[PDB]
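Have a look at the structure below before the remarks.
Because only heavy atoms are used, hydrogens play no part in the values below, and waters and symmetry mates are left out as well, while side chains stay in. Numbers restart at 1 for each chain; the letters A, B, ... are given by sequence-line order, proteins then strands.
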There are 2 protein chains.
Amino acid sequence: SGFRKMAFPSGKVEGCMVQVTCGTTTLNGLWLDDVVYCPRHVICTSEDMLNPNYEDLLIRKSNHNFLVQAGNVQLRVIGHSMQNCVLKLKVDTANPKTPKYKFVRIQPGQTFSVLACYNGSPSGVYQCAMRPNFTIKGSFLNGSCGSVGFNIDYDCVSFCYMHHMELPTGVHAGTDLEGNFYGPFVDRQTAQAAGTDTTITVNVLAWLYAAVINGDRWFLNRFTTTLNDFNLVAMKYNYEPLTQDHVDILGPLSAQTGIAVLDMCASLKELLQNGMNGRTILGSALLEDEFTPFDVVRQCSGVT
Amino acid sequence: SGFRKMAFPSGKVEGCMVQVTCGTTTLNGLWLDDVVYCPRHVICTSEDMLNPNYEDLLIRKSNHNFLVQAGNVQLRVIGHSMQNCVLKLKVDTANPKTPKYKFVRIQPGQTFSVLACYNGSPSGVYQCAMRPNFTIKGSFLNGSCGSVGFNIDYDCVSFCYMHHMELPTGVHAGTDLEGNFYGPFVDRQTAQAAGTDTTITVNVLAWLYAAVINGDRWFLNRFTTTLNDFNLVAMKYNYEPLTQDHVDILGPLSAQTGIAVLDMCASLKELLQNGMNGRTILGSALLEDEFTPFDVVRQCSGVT
Ligand SMILES: *CC(=O)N1C[C@@H]2C[C@H]1CN2Cc1cccc(Cl)c1
Ligand SMILES: *CC(=O)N1C[C@@H]2C[C@H]1CN2Cc1cccc(Cl)c1
C-alpha cells in the first residue's frame, strides 16, 4: 500500500541522451538508432530567437557544424534535416543502447515521465501530465531543452515529448518526436499566452479510487449524480467535462472498489462545493489530477 | 523554472536489480560486485514470519537453495551469510553493470529515491524522505521487498535503504545496506507502532526558499523571529526543532534570495498559525517537507 507520484524507471532513456552543440548553443539530443533528434532552435543565437527563419538559418549549417557527444565520445554527423521543429542528425553509428521504441503524440490529460538533462547528462526524473491547455508544469532550467517525456510498456519506450521552451508564465511547451508542438506554441522568443489550465476530471476520479484502495475514504458520501449534473459543477470549477469514454476507462477501478463511477462523481462534486475542510487525501490538501486511470491500476497492481 | 518532486535517474540501480527466491518466497536483491544483498526474511514462510529465529532457519539453507536470477539468466551462489537483517549471497560472477557505490546510513529528514521493483524488475521511481520516526511513506506492494533507496553524486550511487516491511498503518520500514533497521522496527509479523511523524522543519524552509526562487512569494511577511520563539511554535505544530546546524545549511538559499533564515522562519510561523487560506505554494496546498536544502540547490542549479 501507499500511493506516490511515480515515474517510469529512466535507464532506457538515459542510454539515449547525448549533447548537441551548434555554434555556441548546447542542448540535449535523443539518440535512437543512427539518428539524433533535438530542438531545431540549436541553430539559433539569442539574436535569432526573436524572429527566426529556420530554413534560412539551416542553409548556413553543414553536417560538421553539429557537434554530437555521447558520454566523452564524439559522433560523426553524416546528414541533417528539419522535420517540423526538430532536427534529425544522421550519425554514422547506431546507438548500441537503443531500446525498443515508438514515437507517440499524446492527448491532453495523459501523463508521462520526464528525464531532465543538461549537457546530455541526466539530472532527474519526474512525472508530468500534458495539461488540457497543451503546456506541462515541469522543472526545466536553461540547457534542459531536448530533454524528453516518455512512457514504458514492459520493454518498449514510447517517446511522447521533447522540451523546447518556457513560456513567460513559467509553464513549459514542447513537441512530439516528429517536431510538432503540443498546442498553438511556436519556437520563437515572443510572448505566448497559455489558455485556461482546467483540471483533468477523469484523473482526479482515478486518484479518488486510488485513495479508497489505500484506506483514505472520509470523502465518500451517501450521494450519487448524473453525467449532466456533474458536468454543470465541473464547468463551474474549471474541471474538464466528463464523458462516457472517461466513465468506461474508470470501469476497472469502479469494479475493484465496488463504487459506481457516478457515486465517485458525487463525492468529487461535494469536495468541489465544500472543500477539504483542512483534511488530506493521500497526503495531499488539493485534488490531484496527474494520475490517469491506467497509472492508478499500474501502481496499485505492480506492473514492471 | 518550475519545481518538481524529482528522483535521481534510476539507470545505475536498474542494472543491479535481481530476483532472489528461497523456497516459495521471491523478493528483490541488489547485485553489486559478486554479492547479492536481499532481506533475510527471503528464508521465511508466512508461518515463520510470526516469530522467526533467523539463525535457526538459515541452518536448513544451503547455497543451492538461494535462486538468483538477473534478467533471464541464473547466477551461481557460492556463499551466503547473514549480516543483521540482510543476507549477502556471494555469486561467482561480478555484476558487469556495478556502478561506483557506497553504503550510507542516512539521518531522519534526508531524502532519497526508491526504485520500486517486483521479481527483480523495476516498476517505478519516486522520491522519499526518511521520516523523523524512521519510517518512509512509500508505495510498495507484496514482492517489493529488497527494493532500494539511494542518492547519486555524479557517478557514485550511495545506497541508503532496503525495503523490508509495511507496518499495519501502511507506512514502510527497512534497513540500511548493512541490514540495520532504521528505527526500532524488527523483521517480524507483529504489530509495531510508529512514533509521532513530525514535520521536517529545515526541509519546509528549503521548499519555501525554492518557492521564492520560482516566483511564489505571497507568503512572505514583514516579520522576523528568533530560534527559541520559532521552536515554541514548531513544538506546538509537531514540527522538528530547528537548530543553528539547520540555519547553517539554509545559508546558500538565504544568500541567493536575500531572505534571512529567521525571516523565512517568521513566514513559516504565520503559515502555521493562519494556514494557507485556500492558497497554494508550488502547486501544493500543504507545506512540503520532502526536499532538503541540498535538493533545492541541486534542482534550482541543474546538477547532473
Ligand atoms: C532549454 C534550452 O536549452 N534553451 C535553449 C535556448 C536557451 C533555452 C531556451 N532557448 C531559447 C528559446 C527562446 C524562446 C523559445 C525557444 Cl523554442 C527557445
Ligand atoms: C515486501 C515483500 O516482498 N514481502 C515478503 C513477505 C511478503 C512481503 C512482506 N513479507 C512478509 C513480512 C511480514 C512482516 C515483516 C516482514 Cl520483515 C516481512
Side-chain angles (χ1 to χ4, degrees), chain A residues 1-6 109 111 127 129 198-302, chain B residues 126 135 137-142 166-172 194 197 275-276 278 280 283-286:
Chain A
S1 79
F3 207 75
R4 278 286 182 174
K5 187 63 74 34
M6 194 177 284
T111 60
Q127 192 71 0
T198 60
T199 303
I200 311 150
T201 313
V202 64
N203 287 13
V204 173
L205 287 169
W207 170 86
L208 287 177
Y209 277 110
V212 171
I213 296 169
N214 287 282
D216 239 328
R217 329 160 48 93
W218 66 265
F219 58 90
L220 295 182
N221 60 31
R222 308 173 160 273
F223 322 143
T224 195
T225 180
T226 69
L227 255 193
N228 284 170
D229 176 57
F230 178 76
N231 285 333
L232 280 185
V233 179
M235 183 164 49
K236 170 172 139 92
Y237 288 91
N238 282 151
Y239 262 60
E240 282 288 300
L242 198 77
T243 66
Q244 184 59 45
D245 277 17
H246 294 141
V247 177
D248 288 346
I249 292 172
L250 292 161
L253 289 178
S254 181
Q256 201 190 320
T257 65
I259 296 167
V261 175
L262 288 181
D263 296 0
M264 193 66 91
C265 287
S267 282
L268 179 47
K269 170 175 168 202
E270 301 291 302
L271 281 173
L272 292 178
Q273 293 174 350
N274 310 338
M276 312 262 296
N277 281 110
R279 298 190 277 273
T280 60
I281 303 176
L282 290 171
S284 177
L286 52 77
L287 302 162
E288 297 290 315
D289 75 346
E290 299 198 351
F291 296 101
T292 64
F294 305 93
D295 293 339
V296 172
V297 170
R298 190 190 299 108
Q299 187 175 161
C300 298
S301 82
Chain B
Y126 58 89
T135 68
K137 295 189 183 119
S139 178
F140 291 114
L141 304 174
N142 287 318
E166 185 165 73
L167 298 188
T169 58
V171 303
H172 304 105
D197 192 0
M276 312 262 296
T280 60
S284 177
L286 52 77

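Between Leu167(B) and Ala194(B) the shortest heavy-atom distance is CD1-CB, 4.1 Å. Heavy-atom minimum distance, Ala260(A) versus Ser254(A): CA-OG, 3.5 Å. Of all non-hydrogen atoms in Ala266(A) and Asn221(A), the two that sit nearest each other are O-ND2, 3.3 Å. Looking at every heavy atom in both residues, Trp218(A) comes nearest to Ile281(A) through CZ2-CG1, 3.5 Å. The two residues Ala129(A) and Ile200(A) have their closest heavy-atom pair at CB-CD1, 4.2 Å. Nearest heavy-atom pair, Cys265(A) versus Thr225(A), reported as atom, atom and distance to 0.1 Å: CB-CG2, 3.7 Å.
For the pair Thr199(A) and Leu287(A), the minimum side-chain heavy-atom distance is 4.5 Å or more. Proximity of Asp289(A) to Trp207(A): side-chain heavy atoms (C-beta onward) are nowhere separated by under 4.5 Å. The side-chain heavy atoms of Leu208(A) and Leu271(A), taken from C-beta on, include a pair separated by under 4.5 Å. Between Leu253(A) and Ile213(A) the shortest side-chain heavy-atom distance falls below 4.5 Å. Within the 4.5 Å cutoff, the side chain of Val212(A) has heavy atoms near those of the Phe219(A) side chain. Side-chain contact between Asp229(A) and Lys269(A): present, with at least one pair of heavy atoms (C-beta onward) separated by less than 4.5 Å. Under the 4.5 Å side-chain criterion, counting only non-hydrogen atoms from C-beta, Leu242(A) is in contact with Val202(A).
Here salt bridge (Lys or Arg N to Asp or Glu O under 4.0 Å) pairs that include residues 235-261 of chain A, with residues two or more places apart or in two chains, number zero. Pairs passing the salt bridge (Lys or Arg N to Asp or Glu O under 4.0 Å) check and including a residue from residues 199-223 of chain A, sequence neighbours excluded, do not occur. Among pairs with a residue in residues 274-284 of chain A, those fulfilling side-chain hydrogen bond (donor to acceptor under 3.5 Å, both in side chains) read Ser284(A)-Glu288(A), at least two apart in sequence or across chains.
Counting only N and O atoms by type, the side chains of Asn238(A) and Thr198(A) include no donor and acceptor under 3.5 Å apart.
Taken to the nearest 0.5 Å, the OH atom of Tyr209(A) stands 5.0 Å off from the CE atom of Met264(A).
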Begin with the C-alpha distance, continue with both residues' side-chain angles, and end with the deciding distance and a verdict on side chain to side chain contact (heavy atoms under 4.5 Å, CB included) for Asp197(B) and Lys137(B).
-> CA-CA 10 Å; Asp197(B) 192 0; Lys137(B) 295 189 183 119; 2.9 Å; yes
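Looking at residues two or more places apart in sequence or on another chain, you find a side chain to side chain contact (heavy atoms under 4.5 Å, CB included) between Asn214(A) and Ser1(A), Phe3(A), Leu282(A), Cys300(A). Remark: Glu290(A) engages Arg131(A), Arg4(B) in a salt bridge (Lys or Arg N to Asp or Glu O under 4.0 Å) (not counting sequence neighbours). Judged as a side chain to side chain contact (heavy atoms under 4.5 Å, CB included), and not counting sequence neighbours, the contacts of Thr292(A) are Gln110(A), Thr111(A), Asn203(A), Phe294(A), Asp295(A).
Both tests hold for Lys5(A) against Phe291(A): distance to the six-membered ring centre under 6.0 Å, angle to the ring axis within 45°.
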